[PDB]
Amino acid sequence: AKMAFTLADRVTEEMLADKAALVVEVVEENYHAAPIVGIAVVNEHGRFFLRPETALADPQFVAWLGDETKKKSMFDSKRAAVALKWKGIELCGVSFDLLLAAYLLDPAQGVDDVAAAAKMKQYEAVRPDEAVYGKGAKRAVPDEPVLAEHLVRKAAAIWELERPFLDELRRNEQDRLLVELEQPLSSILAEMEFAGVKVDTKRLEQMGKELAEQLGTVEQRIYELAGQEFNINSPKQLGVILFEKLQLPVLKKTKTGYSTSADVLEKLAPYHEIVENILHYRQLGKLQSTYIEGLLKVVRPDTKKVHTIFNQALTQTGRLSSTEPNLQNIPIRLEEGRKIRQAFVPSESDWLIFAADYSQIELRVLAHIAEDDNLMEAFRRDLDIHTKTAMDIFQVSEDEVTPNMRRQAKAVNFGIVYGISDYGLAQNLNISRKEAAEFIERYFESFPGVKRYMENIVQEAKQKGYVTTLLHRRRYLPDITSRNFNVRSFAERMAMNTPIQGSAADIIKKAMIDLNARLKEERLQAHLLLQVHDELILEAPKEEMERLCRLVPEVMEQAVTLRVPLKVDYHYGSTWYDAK
DNA sequence: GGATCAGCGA
DNA sequence: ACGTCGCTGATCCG
Ligand SMILES: Nc1ccn([C@H]2C[C@H](O)[C@@H](COP(=O)(O)OP(=O)(O)OP(=O)(O)O)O2)c(=O)n1
Ligand SMILES: [Mg+2]
Ligand SMILES: [Mn+2]
């Protein structure tokens, strides 16, 4: 039923009040330099709809905006903030974000628009976004009066949902988690995205050059070794032209056939010199398309920068997400892939990249929550549990543990505390089930207080229906009561990982809050560029490095006081690769 | 277009 | 039965 609003053809005084619901509509999925299709304003004085072309020229409207004393209630404020940034317009004053509010109250709700968020509060006087602009090869902006009626309903929806959403947060002890943590971070992530990272494009290209070379040269050998013309990309083909054309053993099977995962071609290599050229050719493939081109595809022409979008209310545990491109999955494990980081450089001349980590954080975080005597005492002794477990998964001595090695021991360590079964472990470090099984018993012999944790957090979820993080981020687990054994089991493994994965994500979020607050009150040219789950990557002039090497680690270790010490590793250099 | 698959990261 | 949490490129298939 037509909600009455005045389609404004000019701005006015009564629509620039010190509190209003705002909507700077960015239909485009990727808001980087995306046009603004419309504006809407609800405030005690009424409901208005301003046309972008208009309002974004009006200095009185542009002022009310950039004015932090003029309050704005919104949904996905970063989406608008970044879009405006690219227009030279500053957006301050956002005191409430409906999107992040619904995320804290229940990340499983999967809110992708105001309607979905509103529905969560028995408010449905608003249409879902997909209904208004559609999707697929049809997607478009409805005509003036349709776009208008919707933007005003979304704004009106935001106007009314603030109270309901804030109260439940208040009762859930998440009001501060919203206002003092999630909302502050949204402005910082906007800067990081708008700032973007510089891309050594010339190099990156001269990389794709040779790749194609070492590709076909490893593609024909494949047709040779196989003796035909199958496409290395069809697992169905890799299955037949393998175990059924080329007769090899099946050590594992998929829900369609038999695994051709790398953890198989590996074990099934010596049975033919084709399984080796497939391992290498697939690596060069991935690294070729999913990166060289994949990155250059998002590199803007002028600034030569890429601008990731840090999705803040997407993951179910509190972690951030990155897309177009995913800068949280840049190669680093092997040497070939790692060099691509030499393509990531400082944004200004004579600057440096400063990357800071967090030493075995989830393990430290588990130590604090689980409170196992020996896991804490160990850290209080400053040991590297990854290297140690490596000393076993290889029986070697501390001095004989390699970077490559510490990785598997690391994956084993988390595999073990987060559910892993003797079979899962057995296939990982490629051993027997009886060995893996006993290695896990001794693990919990080393950390009994932790065993007790895997057992009570399962009961905790079973009783409350939700797990929680250090900073009060909660995760509902209704499948914990499932009568299906595997639904219940996945639920239980979530109750074991979410509190830990989530608390670690809360801490890197708070550290980020202290880091911007510090860099600002000390006024430095340095700023954050990326967040990689438990690592921050800043860029600054060479002259600030000496102050960074102390301020960046100190801020991160201070964020929260655990029963164990936090510890940061940090390095810097001319490129992302150099920063080590 | 979607459903698996592949491979990369934390 | 199944460690957790993500994103992107490639090809099978109506
Ligand atoms: N196989 C993995 C790898 C990582 N993580 C989680 C736990 C780690 O603590 C966190 C950060 O990833 P890192 O690679 O930084 O691992 P740590 O931080 O634990 O090790 P490092 O001492 O190298 O920082 O991500 C996990 O659950 N399972
Ligand atoms: Mg890391
Ligand atoms: Mn780390």
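Residue numbering restarts at 1 for every chain, and letters A, B, ... go by the order of the sequence lines. The figures that follow rest on heavy atoms only: side chains count, while hydrogens, waters and symmetry mates do not.
Using a 4.0 Å cut-off, no side-chain N or O of A/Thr317 falls inside it from OP1 or OP2 of C/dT4. The shortest distance between the side-chain N/O atoms of A/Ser489 and the OP1/OP2 oxygens of C/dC2 is below 4.0 Å. Between A/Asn233 and the phosphate of C/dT11, there is a side-chain N or O to OP1/OP2 separation shorter than 4.0 Å. The side chain of A/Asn231 places an N or O atom within less than 4.0 Å of a non-bridging phosphate oxygen (OP1 or OP2) of C/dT11. Contact annotation: A/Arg493 reaches the phosphate of C/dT4 (side-chain N/O to OP1 or OP2, under 4.0 Å). The phosphate of C/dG9 (OP1 or OP2) has a side-chain N or O of A/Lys297 nearer than 4.0 angstrom. In terms of phosphate contacts, A/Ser421 brings a side-chain nitrogen or oxygen within less than 4.0 Å of OP1 or OP2 of C/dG3. Here A/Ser234 reaches the OP1 or OP2 of C/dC12: one of its side-chain N or O atoms lies under 4.0 Å away. The side chain of A/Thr260 places an N or O atom within less than 4.0 Å of a non-bridging phosphate oxygen (OP1 or OP2) of B/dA6.
Within the nucleic acid shown, A/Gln237 comes within 4.0 Å of sugar-phosphate atoms alone, with no base atom in reach, counting heavy atoms only. In this structure, A/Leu314 reaches the sugar-phosphate backbone alone: every heavy-atom distance under 4.0 Å involves primed, P, OP1 or OP2 atoms, never a base. Within the 4.0 angstrom heavy-atom criterion, only backbone atoms of the sugar-phosphate kind lie near A/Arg475; the bases stay farther away. At the heavy-atom level, A/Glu293 lies nowhere under 4.0 Å from the strands shown. No engagement by A/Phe485 is indicated, since no non-hydrogen atom pair under 4.0 Å with the nucleic acid exists. Among the protein residues, A/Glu324 comes within range of the sugar-phosphate backbone only, with heavy atoms under 4.0 Å from sugar or phosphate atoms but none that close to a base. Nucleic acid contact for A/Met494: sugar-phosphate only, since backbone atoms but no base atoms lie under 4.0 Å from a heavy atom of the residue. Using a 4.0 Å heavy-atom distance criterion, A/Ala262 is classed as a sugar-phosphate-only contact.
A/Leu366 has its CG atom 13 Å from the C1' atom of C/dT4, to the nearest Å. Separating the CD1 atom of A/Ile340 from the P atom of C/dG9 is a distance of 12 Å, rounded to the nearest angstrom. We find that CE of A/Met496 is positioned 13 Å from P of C/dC5, with the value rounded to whole Å. As rounded to whole Å, 12 Å separates atom P of B/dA6 from atom NZ of A/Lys255. One can place CD of A/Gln328 at 17 Å from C1' of B/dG7, the figure rounded to the nearest angstrom. The interatomic distance linking A/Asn428 (CG) with C/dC2 (P) rounds to 16 Å, in whole Å. Protein atom CD of A/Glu219 is 13 Å distant from nucleotide atom P of C/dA10, rounded to whole Å. Atoms CD (A/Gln427) and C1' (C/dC2) sit 10 Å apart, rounded to a whole Å.
The existence of a salt bridge linking A/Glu539 and A/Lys198 is excluded, since no basic side-chain nitrogen approaches an acidic carboxylate oxygen closer than 4.0 Å. Salt-bridge formation is detected for the pair A/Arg319/A/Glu362: a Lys NZ or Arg NE/NH1/NH2 atom is positioned less than 4.0 Å from an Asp or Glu carboxylate oxygen. Using a 4.0 Å cut-off between a side-chain N of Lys or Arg and a carboxylate O of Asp or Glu, A/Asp479 and A/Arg488 do not qualify as a salt bridge. For the pair A/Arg282 and A/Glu219, the salt-bridge criterion is not met [side-chain N within less than 4.0 Å of a carboxylate O].
Using a distance-only test at 3.5 Å, with no hydrogens or angles considered, a donor-acceptor pair links the side chain of A/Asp113 to the main chain of A/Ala116. A/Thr317 places no side-chain N or O within donor-acceptor distance of the main-chain N or O of A/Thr498, the cut-off being under 3.5 Å.
Between A/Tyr577 and A/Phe344, a ring centre-to-centre spacing not shorter than 6.0 Å is recorded.
With B/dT4, B/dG9, C/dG6 as the candidates, the nucleotide lying closest to the side chain of A/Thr256 is B/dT4. Picking from B/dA6, C/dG9, C/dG6 the nucleotide with the shortest atom distance to the side chain of A/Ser321 gives C/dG6. Distances were taken from every side-chain heavy atom of A/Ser289 (C-beta onward) to each of B/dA6, C/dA10, C/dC7; the shortest belongs to C/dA10.
Base pairing annotation: B/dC5 forms no Watson-Crick or G-U wobble pair, as no partner gives both donor-acceptor distances under 3.5 Å. Base pairing of C/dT11: no nucleotide in any strand meets the Watson-Crick or G-U wobble criterion (both distances under 3.5 Å).
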Walk me through it: do A/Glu371 and A/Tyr453 pass the test side-chain hydrogen bond (donor to acceptor under 3.5 Å, both in side chains)?
CA-CA 8 Å; A/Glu371 291 183 51; A/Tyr453 163 77; over 6 Å; no
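Remark on DNA chain C: of its neighbouring residues A/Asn486 and A/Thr498, the 5'-side contact belongs to A/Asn486, judged by nearest-heavy-atom nucleotide.
Rounded to whole Å, the P atom of B/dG2 lies 16 Å from the corresponding atom of C/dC7.
The pentose of B/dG7 belongs to the south class of puckers. Its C1'-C2'-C3'-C4' angle has a negative sign. Judged by the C1'-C2'-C3'-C4' torsion, the sugar of C/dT4 sits on the north side, since the angle is positive.
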